[PDB]
Amino acid sequence: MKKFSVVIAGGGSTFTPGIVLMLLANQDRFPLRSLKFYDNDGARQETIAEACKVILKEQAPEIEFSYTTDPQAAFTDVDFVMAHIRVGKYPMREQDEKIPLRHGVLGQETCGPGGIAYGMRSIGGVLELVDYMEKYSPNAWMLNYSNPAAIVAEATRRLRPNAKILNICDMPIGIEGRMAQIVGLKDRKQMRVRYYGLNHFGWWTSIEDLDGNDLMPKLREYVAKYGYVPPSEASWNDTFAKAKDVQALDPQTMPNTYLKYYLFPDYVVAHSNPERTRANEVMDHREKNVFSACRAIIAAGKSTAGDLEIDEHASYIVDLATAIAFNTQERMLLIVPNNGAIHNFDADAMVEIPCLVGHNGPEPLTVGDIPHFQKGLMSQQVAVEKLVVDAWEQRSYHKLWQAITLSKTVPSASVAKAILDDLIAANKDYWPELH
Ligand SMILES: NC(=O)c1ccc[n+]([C@@H]2O[C@H](COP(=O)([O-])OP(=O)(O)OC[C@H]3O[C@@H](n4cnc5c(N)ncnc54)[C@H](O)[C@@H]3O)[C@@H](O)[C@H]2O)c1
Ligand SMILES: [Mn+2]
């Protein structure tokens with residue numbers, strides 16, 4: 001078995017330790033000779049890196065390890081780039097969430113004007129990583145599990161069409177995990193599914209066990225009463241529960257949880273608090289906890305000084321990496337150019353659909369024609385995403401106003417323009433200039 005060189009772009013991330021623990025738990029299927037951290041925030045990364053340094057010397061001292069702010073040192077001699085950056089960090093996520101809310105619109109990490117703003121910040125950053133990877137490790141694959149993938153994937157499709165980038169999302173993985181528990185299967189890998197949509201905007205059409213038995217009837221009966229809350233944090237519980245109402249709009253399918261923001265934006269605004277948003281919760285909890293536990297590890301010189309555990313969820317990252325590395329043909333939902341897969345939908349749209357993954361990347365499976373309801377929703381939203389990338393590319397104020405105006409989350413062109421002017425003011429150091 002061969003060994004792999006990985007570089008984590010976003011070393012300063014609070015998820016880095018959990019992901020590293022995950023990788024160490026998967027040395028049997030994905031052996032590593034080298035692990036590197038890269039970040040543009042040195043001081044923030046140093047705390048994470050020095051703590052991970054202790055963990056690595058305990059569990060796997062044969063893995064060569066280093067951290068840096070230098071692209072050349074980071075991207076040289078790697079097989080994979082795991083990109084989980086958050087341009088602007090939590091202070092900007094806080095703005096994304098509160099600015100729309102002062103105008104009576106939902107503020108969310110990847111949906112609505114908040115997500116649009118995060119997408120406008122993220123495009124530039126990701127194009128940089130892609131360029132670094134191609135310059136120092138031309139044969140490397142980038143596993144981009146950063147958000148907001150619908151906007152960033154549309155940018156890379158347009159500007160780096162041939163780059164070896166794999167766009168993947170964990171939301172479907174988490175939902176499938178809950179589905180598996182609801183029907184009573186061991187795990188999600190005991191299911192074979194069909195699905196279509198945009199990232200954070202899709203539907204399961206077929207859900208079966210490996211033998212082909214239909215699991216849909218049981219899921220319908222259950223989700224119709226409790227949503228994706230299986231028989232086994234407050235904000236997420238509500239999202240998973242609200243899927244009850246979202247699934248009700250099309251009883252034949254199962255929906256992606258992000259559809260609640262588009263079908264019930266009123267509900268979201270009503271149950272929000274413009275003083276304390278999700279960013280505030282993470283900042284005062286997960287952010288402070290991980291950095292604290294990391295300084296505790298460095299100061300004590302022992303991992304047990306911290307309470308960092310394996311990030312089980314993140315496992316799907318290794319599934320993707322092994323699929324590429326060992327040409328496994330594993331079936332998974334990836335974000336790829338449509339080009340006929342959804343026959344009655346724009347060829348140049350980025351869609352989240354089943355693909356077989358091998359050494360050449362994905363081989364997407366056809367989907368067929370989709371119904372008017374989903375087609376209408378996706379046509380509206382994909383127009384939003386394409387106008388955002390248009391605004392970015394052409395440095396156009398007017399394209400971004402169009403984009404925000406088109407969103408199902410935005411009540412009118414006048415409110416859209418007010419939100420836009422506030423987002424511009426708040427993102428002065430991250431967005432290109434708009435004329
Ligand atoms: N398993 C996971 O890591 C996971 C889970 C859910 C969502 N996400 C998504 O991944 C992204 C990262 O979120 P997170 O919570 O893991 O990270 P985080 O918010 O805990 O930290 C982000 C890190 O990325 C760094 N960064 C920002 N811009 C950069 C650039 N241009 N170059 C290099 N580094 C940069 C920041 O300095 C910071 O250290 C988000 O979009 C999030 O929605 C990741
Ligand atoms: Mn996602």
Side-chain angles (χ1 to χ4, degrees), residues 7-23 36-49 52 67-71 74-75 81-94 96-97 108-111 114-115 117-119 121-133 142-153 167-175 197-202 236 239 256-258 261 278-279 281-283 285-291 294 310-318 320 333-335 350 352 429-430:
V7 58
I8 291 182
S13 169
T14 70
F15 278 103
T16 300
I19 285 180
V20 172
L21 288 165
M22 190 269 305
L23 292 176
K36 288 187 289 183
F37 284 12
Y38 170 79
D39 201 303
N40 59 8
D41 188 334
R44 176 182 171 104
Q45 180 173 242
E46 181 191 350
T47 299
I48 302 294
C52 292
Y67 66 98
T68 178
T69 63
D70 182 50
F75 293 94
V81 174
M82 287 177 187
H84 61 233
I85 56 167
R86 181 187 301 274
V87 173
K89 287 161 290 180
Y90 274 86
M92 292 308 314
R93 177 182 182 170
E94 183 183 18
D96 295 341
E97 289 172 0
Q108 202 281 325
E109 183 195 44
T110 57
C111 302
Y118 177 41
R121 295 197 298 277
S122 302
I123 293 167
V126 173
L127 290 181
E128 291 184 14
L129 301 180
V130 175
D131 292 342
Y132 294 147
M133 173 181 81
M142 173 173 298
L143 314 181
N144 183 17
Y145 49 98
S146 302
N147 283 317
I151 289 165
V152 176
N167 303 298
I168 187 165
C169 179
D170 67 318
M171 192 62 37
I173 305 299
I175 294 173
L198 310 175
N199 179 236
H200 290 203
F201 206 106
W236 284 100
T239 300
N256 187 307
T257 50
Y258 282 102
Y261 297 110
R278 180 54 179 163
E281 291 171 7
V282 178
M283 278 185 286
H285 295 98
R286 192 171 66 247
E287 276 275 305
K288 280 179 185 174
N289 290 358
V290 167
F291 282 97
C294 284
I310 302 177
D311 180 355
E312 298 293 0
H313 301 274
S315 183
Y316 70 93
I317 297 167
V318 167
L320 170 55
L333 302 179
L334 298 174
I335 306 169
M350 286 311 282
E352 195 161 47
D429 298 330
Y430 297 100

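When a ligand or atom number is given, it counts from 1 through the structure's own listing order. For the single chain, residues carry numbers from 1 onward in sequence order.
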Worksheet entry | Atoms of ligand 1, numbered as shown, that sit under 4.0 Å from any heavy atom of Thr14 | 20 (O)

Worksheet item: Can you list the ligand 1 atoms lying under 4.0 Å from a non-hydrogen atom of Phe15?
Response: 2 (C), 3 (O), 14 (P), 15 (O), 16 (O)

Worksheet item: Going by heavy atoms in the side chains, are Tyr258 and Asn199 under 4.5 Å from each other?
Response: no

Worksheet entry | Taking atom 38 (C) of ligand 1 as the reference point, the nearest protein heavy atom with its distance | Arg44 NE, 3.4 Å

Worksheet item: In terms of residue, atom name and distance, what is the protein heavy atom nearest to atom 11 (C) of ligand 1?
Response: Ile85 O, 3.4 Å

Practice prompt. Check each atom of ligand 1 against the heavy atoms of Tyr118 and keep those under 4.0 Å away; list them by number with element.
Written response: 40 (C), 41 (O)

Discussion item. What protein N/O/S atoms are there under 2.8 Å from the Mn ion (ligand 2), waters excluded?
Written reply: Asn147 OD1, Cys169 SG, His200 NE2

Worksheet entry | Protein residue, atom and distance nearest to atom 28 (N) of ligand 1, heavy-atom basis | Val87 CG2, 3.4 Å

Item to complete: Nearest heavy atom to atom 14 (P) of ligand 1 wins, so pick from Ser13, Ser122, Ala43.
Response: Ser13

Worksheet item: Nearest to atom 7 (C) of ligand 1, what protein heavy atom do you find, and at what distance?
Response: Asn147 ND2, 4.2 Å

Worksheet, complete the sentence: Taking only non-hydrogen atoms of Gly12 and a 4.0 Å limit, the atoms of ligand 1 in range are 39 (O)

Worksheet item: What protein heavy atom sits nearest atom 8 (N) of ligand 1, and how far off is it?
Response: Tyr145 O, 4.0 Å

Discussion item. Using the ring-ring contact (aromatic ring centres under 6.0 Å, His included) criterion, which residues pair with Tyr118? Sequence neighbours excluded.
Written reply: none

Worksheet item: Do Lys89 and ligand 1 have an N or O pair less than 3.5 Å apart?
Response: no

Worksheet item: Taking all non-hydrogen atoms of both residues, which atom of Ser146 and which atom of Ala83 are closest, and how far apart?
Response: OG-O, 2.7 Å

Response to the item:
closest protein heavy atom to atom 25 (C) of ligand 1 is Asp39 OD2, 3.4 Å

Practice prompt. Specify whether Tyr145 and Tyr316 have parallel, tilted or perpendicular ring planes, treating 30° as the upper limit for parallel and 60° as the lower limit for perpendicular.
Written response: perpendicular

Worksheet item: Can you list the atoms of ligand 1 that are under 4.0 Å from a heavy atom of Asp41?
Response: 37 (O)

Discussion item. What protein heavy atom lies closest to atom 29 (C) of ligand 1? Include the residue and the distance to one decimal.
Written reply: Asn40 ND2, 3.3 Å

Item to complete: Look at atom 12 (C) of ligand 1 and find which of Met22, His84, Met82 reaches it with the closest heavy atom.
Response: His84

Worksheet item: Which atoms from ligand 1 have a heavy atom of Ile19 less than 4.0 Å away?
Response: 1 (N), 3 (O)

Worksheet item: Taking the non-hydrogen atoms of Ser146, is any one of them nearer than 4.0 angstrom to ligand 1?
Response: yes

Fill in: Test of proximity, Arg86 against ligand 1: N or O pairs below 3.5 Å
yes

Fill in: All side chain to side chain contact (heavy atoms under 4.5 Å, CB included) counterparts of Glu94, not counting sequence neighbours
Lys98, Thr277, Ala279, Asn280, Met283

Item to complete: Could you list the residues that satisfy salt bridge (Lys or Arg N to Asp or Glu O under 4.0 Å) with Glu352, not counting sequence neighbours?
Response: none

Discussion item. Give the atom numbers and elements of ligand 1 that come within less than 4.0 Å of a heavy atom of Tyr90.
Written reply: 19 (O)

Response to the item:
The closest protein heavy-atom partner of atom 6 (C) of ligand 1 is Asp170 OD2, 4.1 Å

Fill in: Min heavy-atom dist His313 to ligand 1 below 4.0 Å
no

Worksheet item: What atoms of ligand 1 come within less than 4.0 Å of a heavy atom belonging to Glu109?
Response: 42 (C), 43 (O)

Practice prompt. Please check if the side chain of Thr16 supplies one atom and the backbone of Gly10 the other of a donor-acceptor pair under 3.5 Å.
Written response: yes

Worksheet item: Are any of the N or O atoms of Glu128 closer than 3.5 Å to those of ligand 1?
Response: no

